[PDB]
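Whatever this is, show me its structure:
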Amino acid sequence: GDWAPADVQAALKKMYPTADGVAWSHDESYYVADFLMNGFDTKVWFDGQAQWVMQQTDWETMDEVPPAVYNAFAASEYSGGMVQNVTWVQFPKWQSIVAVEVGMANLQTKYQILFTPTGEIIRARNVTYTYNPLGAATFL
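Numbers count the residues shown, from 1 in each chain. Take a look at the structure below.
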C-alpha cells in the first residue's frame, strides 16, 4: 500500500523491532524511514529491493563525535561558523562519516563537511543553495 511497500516496512521492523511512530518519505530512488531510536532521530534509506543503503543518526551536537573529529573540526577553517547539524552516517559496506553543517558569520552561507571517524576531511561543500544536503544524492 501507500508510502512504503510491505517488504520495505518489514525490512525496517527486522532491523529495529522496537521502531514505532515511523514516518515514511521518498528520496529520489529510496524509501526513507524516520523514527526515534533511544531519543535520537534516525533515518534509514531502503532501495526497491528493501535493502538498507544508508542510515543517519542525528547527533545534534559535537558532544557526540569522536575526539579526533572534534579536534579536526576545531583546527579547520570551518570552526569560525555555528554548528547547525551533526549527523553520523553509516552504510552497509562503506566507512562511516561524520557530516557537520555550519552557518558562517555573515548569515546565508552554509557548508557541509564530511569527516572520517578519525577526523580526516574527505569533502566540503557550499550547501547554501542545496535543498536536501543529507539526502541520498550526497552519499550514494
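
From here on, just use CA atoms for contacts and neighbour counts.
Fine.

Confirm residue 14 sits in a helix?
Yes - assigned with DSSP: H, G, I helix; E, B strand; the rest coil, residue 14 falls within a helix.

Can you report how many residues neighbour it?
Using other Cα atoms under 10 Å, residue 14 is surrounded by 11 other residues.

and if you look at residue 62?
Per other Cα under 10 Å, the neighbour tally for residue 62 reads 18.

if I read this right, it contacts residue 71, doesn't it?
No - applying Cα atoms under 8 Å, one finds residue 62 not in contact with residue 71, separated by 10.4 Å.

Now do the buried residues in stretch 115-124.
115-119, 121 (16 or more other Cα atoms under 10 Å).

Quick one: residues contacting the most centrally placed residue in the chain.
Geometric centre of the chain, nearest residue: residue 56, 3.8 Å, by Cα atoms, centre = their mean. Contact analysis of residue 56 by Cα atoms under 8 Å, 6 or more residues apart in numbering lists 42-44, 87-90.

Filter those residues down to just the ones in strands.
42-44, 87-90 (DSSP state E).

Of those residues, keep whichever come out buried.
By 16+ other Cα under 10 Å, the ones in strands among the contacts of residue 56 give 42-44, 87-90 as buried.
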